[PDB]
Amino acid sequence: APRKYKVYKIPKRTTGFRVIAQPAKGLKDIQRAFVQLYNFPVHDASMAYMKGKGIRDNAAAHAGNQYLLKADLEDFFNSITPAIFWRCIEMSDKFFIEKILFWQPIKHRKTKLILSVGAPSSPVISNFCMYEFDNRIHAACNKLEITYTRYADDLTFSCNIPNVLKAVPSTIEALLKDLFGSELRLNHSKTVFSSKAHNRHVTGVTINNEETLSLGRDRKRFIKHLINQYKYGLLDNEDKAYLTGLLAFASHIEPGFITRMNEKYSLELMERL
DNA sequence: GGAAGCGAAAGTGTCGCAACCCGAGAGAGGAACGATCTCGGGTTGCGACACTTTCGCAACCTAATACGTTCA
């Protein structure tokens, strides 16, 4: 149900906590069944929370560009409400859909209905809400030779032609106010411009100055200190599993790094882990 | 959304301090009746605070889960 959620805190990698609301099991299954019953329109540029297309593809969409820009939607999930969903459906019996889809974080606000990050159905509705937003933004971008993707609160644009992304921020805002009234809003504090002169990266994947995806020198040094420790067996159980997971991540994003690590010490060492 | 306590921002009220008036009063200095100089109550102005009010920061999480990573 809308109130059938459980709230908790998960910490942050630097300081502070984040508040999550995982649904109950029965409504979890009900919303999964609803997701299966009707598939929602989704734009290709939304390379997040879909089969196959992962972080690597979203970051590689901008590999072959030298000027990078992006903005972060302010309070993405919690802004979506019944009105946004139904306007999106109309633009292209219904009360139980409202009940199943949404969350009520306040005991008194029966109408304060929003998507939670925990909800397994939240990704599908989030992608569905911006089907025309992505349509128009990508149409404009490709009209001006701009590659645009969105990793779920990370609207990324890239291009090679100088002084074109400058108008893109404003564009975004305008379109937003046409589509979702004035409810969902951008985060002007996070908007970042970068070039081949600074530290570009999309969704955590670094983009080096040679138009290839990379783990970044930071990690490439961190999980090689970890490997040098494993060489002398100075890790632990959880730490060793952490190194294994990080090596798997580096294999997925930058297989060349794994090959070079193998050449560094051996093949059997990484088969062991 | 927001408790508990605290403080910012703003607005209104208090209240010394000053300015000024208006009678009194001993008595110029020489001519009587007394200019001037003061001693007081008392009223009004006038701005520096002092108090009153509202806003807004952000604690908390009967309903989870519990191989390791990444990423919203």
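Throughout, a chain's letter reflects where its sequence line sits, starting with A, and its residues are numbered from 1. Heavy atoms only: backbone and side chains are in, while hydrogens, waters and symmetry mates are out.
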Undergrad: With B:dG1 and B:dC60, is there a Watson-Crick or G-U wobble pair, both distances less than 3.5 Å?
TA: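 Indeed, B:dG1 forms a Watson-Crick or wobble pair with B:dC60, both distances being under 3.5 Å.
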Undergrad: Please indicate yes or no: do B:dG30 and B:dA31 satisfy both the under-5.5 Å centre distance and the under-30° plane angle for their six-membered base rings?
TA: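 Stacking does not hold for this pair.
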Undergrad: For the residue pair A:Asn163 and A:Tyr67, confirm or rule out a side-chain donor-acceptor distance under 3.5 Å.
TA: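 No - no donor-acceptor pair under 3.5 Å links their side chains.
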Undergrad: Based on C1'-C2'-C3'-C4', put the sugar of B:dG68 on the north side (positive) or the south side (negative).
TA: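 North.
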Undergrad: How are the rings of A:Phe128 and A:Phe40 set to each other: parallel, tilted or perpendicular (split at 30° and 60°)?
TA: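 Tilted.
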Undergrad: Hey, what do you get for OG (A:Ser126) to CZ (A:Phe76), rounding to the nearest 0.5 Å?
TA: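 Here the rounded value is 5.0 Å.
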Undergrad: To the nearest 0.5 Å, how far apart are NZ in A:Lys143 and CZ in A:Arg136?
TA: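 CZ of A:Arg136 is found 12.5 Å from NZ of A:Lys143.
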Undergrad: Using the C1' atom on both, measure B:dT52 against B:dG40 and round to a whole Å.
TA: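 Between the two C1' atoms, the distance is 39 Å.
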Undergrad: Are A:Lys70 and A:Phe193 in a cation-pi contact, defined as NZ or CZ under 6.0 Å from the six-membered ring centre and within 45° of the axis?
TA: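 So A:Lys70 doesn't make the cation-pi contact.
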Undergrad: Go through A:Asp44 and A:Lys53 one step at a time and tell me if the salt bridge (charged side-chain N to carboxylate O under 4.0 Å, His left out) criterion holds.
TA: CA-CA 10 Å; A:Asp44 168 302; A:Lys53 296 173 190 167; 3.1 Å; yes
Undergrad: Hydrogens and angles aside, do A:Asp154 and A:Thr203 bring a side-chain donor and acceptor to less than 3.5 Å of each other?
TA: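 No, A:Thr203 and A:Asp154 have no side-chain donor paired with an acceptor closer than 3.5 Å.
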Undergrad: Could you give the distance from CZ (A:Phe77) to SG (A:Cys129), rounded to the nearest 0.5 Å?
TA: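 One finds 11.0 Å between CZ of A:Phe77 and SG of A:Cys129.
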Undergrad: When you compare B:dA8 with B:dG1, how far apart are their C1' atoms, in angstrom units rounded to a whole number?
TA: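 Between the two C1' atoms, the distance is 23 Å.
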Undergrad: Does the sign of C1'-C2'-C3'-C4' make the B:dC37 sugar north or south?
TA: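 Taking the sign of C1'-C2'-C3'-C4' as the criterion, B:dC37 has a north sugar, on the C3'-endo side.
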Undergrad: For nucleotides 60-64 of chain B, give me every protein contact, N/O to N/O, under 3.5 Å, one pair per line with atom names.
TA:
unit_1, atom_1, unit_2, atom_2, d
B:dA63, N6, A:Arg3, O, 2.8
B:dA64, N1, A:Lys6, NZ, 3.2
B:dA64, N3, A:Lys6, NZ, 3.3

Undergrad: For B:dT62, measure the glycosidic angle (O4'-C1'-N9-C4 for a purine, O4'-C1'-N1-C2 for a pyrimidine) and name it syn if it falls within 90° of 0, otherwise anti.
TA: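 Because its glycosidic torsion lies more than 90° from 0, B:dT62 adopts the anti conformation.
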Undergrad: Is B:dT69 paired to anything, Watson-Crick or G-U wobble with both distances less than 3.5 Å, and if yes, which nucleotide?
TA: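 Across any shown strand, B:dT69 pairs with none.
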Undergrad: Scan side-chain atoms only and decide if A:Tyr8 and A:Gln22 contain a donor-acceptor pair under the 3.5 Å cut-off.
TA: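 A:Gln22 and A:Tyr8 do have a side-chain donor-acceptor pair below 3.5 Å.
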Undergrad: Using the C1' atom as the point on both nucleotides, what is the distance between B:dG34 and B:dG42, in whole Å?
TA: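 Looking at atom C1' only, B:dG42 and B:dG34 are 28 Å apart.
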Undergrad: Based on the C1'-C2'-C3'-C4' torsion angle, does the furanose ring of B:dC57 adopt a north or a south pucker?
TA: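 North pucker for B:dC57; the sign of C1'-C2'-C3'-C4' is positive.
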Undergrad: Since syn is defined as within 90° of 0, does B:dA66 count as syn or as anti?
TA: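 Because its glycosidic torsion lies more than 90° from 0, B:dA66 adopts the anti conformation.
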Undergrad: Using only heavy-atom distances, determine whether the side chains of A:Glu74 and A:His188 contain a donor-acceptor pair under 3.5 Å.
TA: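 Side-chain D/A pair, A:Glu74 to A:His188: absent.
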Undergrad: Is B:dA64 syn or anti, taking syn as a glycosidic angle within 90° of 0?
TA: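 You should classify B:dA64 as syn.
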Undergrad: Can you tell me, in whole Å, how much space there is between the P of B:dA59 and that of B:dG13?
TA: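 Pairwise P distance, B:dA59 against B:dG13, rounds to 39 Å.
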Undergrad: With both distances kept under 3.5 Å, what pairs with B:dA31, Watson-Crick or G-U wobble?
TA: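 Check on B:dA31: unpaired, no WC or wobble geometry under 3.5 Å.
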Undergrad: Give a single yes or no on stacking for B:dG25 with B:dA26, with the cut-offs at 5.5 Å between ring centres and 30° between planes.
TA: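 For these two strand neighbours, the answer is yes: their six-membered rings meet both cut-offs.
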Undergrad: Would B:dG47 be called syn or anti here, given the cut-off of 90° from 0?
TA: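 B:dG47: anti glycosidic orientation.
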Undergrad: Quick one: which protein N/O atoms are closer than 3.5 Å to N/O atoms of nucleotides 66-72 of chain B? Pair and distance per line, please.
TA:
unit_1, atom_1, unit_2, atom_2, d
B:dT70, OP1, A:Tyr242, OH, 3.2
B:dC71, OP1, A:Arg219, NH2, 2.8
B:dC71, OP2, A:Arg13, NH2, 3.0
B:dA72, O3', A:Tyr151, O, 2.6
B:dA72, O3', A:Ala152, O, 2.4
B:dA72, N9, A:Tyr49, OH, 3.2

Undergrad: Sign of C1'-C2'-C3'-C4' at B:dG23: does that make it north or south?
TA: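 South is the answer for B:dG23, its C1'-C2'-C3'-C4' torsion being negative.
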Undergrad: Between the two end axes of the helix from B:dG11-B:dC51 to B:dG25-B:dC37, each built from 5 base pairs, what angle do you get to the nearest 10°?
TA: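 Inter-axis angle at the termini of the helix from B:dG11-B:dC51 to B:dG25-B:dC37: 0°.
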Undergrad: Determine the interplanar angle of the A:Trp103 and A:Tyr5 rings, folded into 0 to 90°, and report it as parallel if under 30°, tilted if 30 to 60°, perpendicular if over 60°.
TA: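 If you compare the ring of A:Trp103 with that of A:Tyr5, the planes turn out tilted.
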Undergrad: If I pick the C1' atom on B:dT14 and the same atom on B:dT54, what distance separates them, to the nearest angstrom?
TA: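 Those two atoms are separated by 22 Å.
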Undergrad: Considering non-hydrogen atoms only, spot the tightest contact between A:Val202 and A:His62 and give its length.
TA: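 That would be CG2-CD2, 3.9 Å.
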Undergrad: What interatomic distance, in whole Å, is found between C1' of B:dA9 and the corresponding atom of B:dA66?
TA: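 Roughly 50 Å separates the two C1' atoms.
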Undergrad: Determine the sugar pucker of B:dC67: a positive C1'-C2'-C3'-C4' angle counts as north, a negative one as south.
TA: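 A north sugar, the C1'-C2'-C3'-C4' torsion of B:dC67 being greater than zero.
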Undergrad: Using distance alone, with no hydrogens and no angle criterion, decide if A:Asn65 and A:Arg200 have a side-chain donor and acceptor under 3.5 Å apart.
TA: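 Their side chains do not contain a donor-acceptor pair, so the 3.5 Å distance test is not met.
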